[PDB]
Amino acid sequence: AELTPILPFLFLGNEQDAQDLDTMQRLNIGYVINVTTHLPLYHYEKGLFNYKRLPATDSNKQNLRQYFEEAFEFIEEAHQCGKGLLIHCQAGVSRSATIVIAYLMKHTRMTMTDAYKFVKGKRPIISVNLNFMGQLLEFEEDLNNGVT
């Protein structure tokens, strides 16, 4: 169980990272984003956290752009309320790391490459997915022209 802290309040993890309840409470995590279609929302009935499911598959066909704004408003909410947010998908964090990078691109005005450099430096293992990479590329261009 190794929840990588990207920002003071924003943590990246995987399938098993999201089940270490004690770890989540030590870190004052109040919000969880589960970026799968099929994994359960872990610890839902213990009513301790606010959840958001981004029902996405790890393919070269899945669109994630659609989930970006939804996910940023929920990270902003964990920040405005002084709590931490965990975002996880499965092994290799393809889906969840795509979203973290997009957040760092909009709400830190980092570049694409520089966000990836930054995340991979805190979490070494990241599966490649050129579909998501290409979608981050057009997100970067929609930001530099101000369509967001």
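Residues carry their position along the shown sequence, with the first being 1.
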Residue stretch of maximal mean CA temperature factor, 42-50 vs 59-67: 42-50
Mean Cα B-factor comparison, 81-89 or 22-30, giving the higher one as deposited: 22-30
For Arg95, the third of its chain into which the C-alpha B factor falls: lowest
Ranked against its chain, the third holding the CA B-factor of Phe132: lowest
B-factor third for the C-alpha atom of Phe11 within its chain: middle
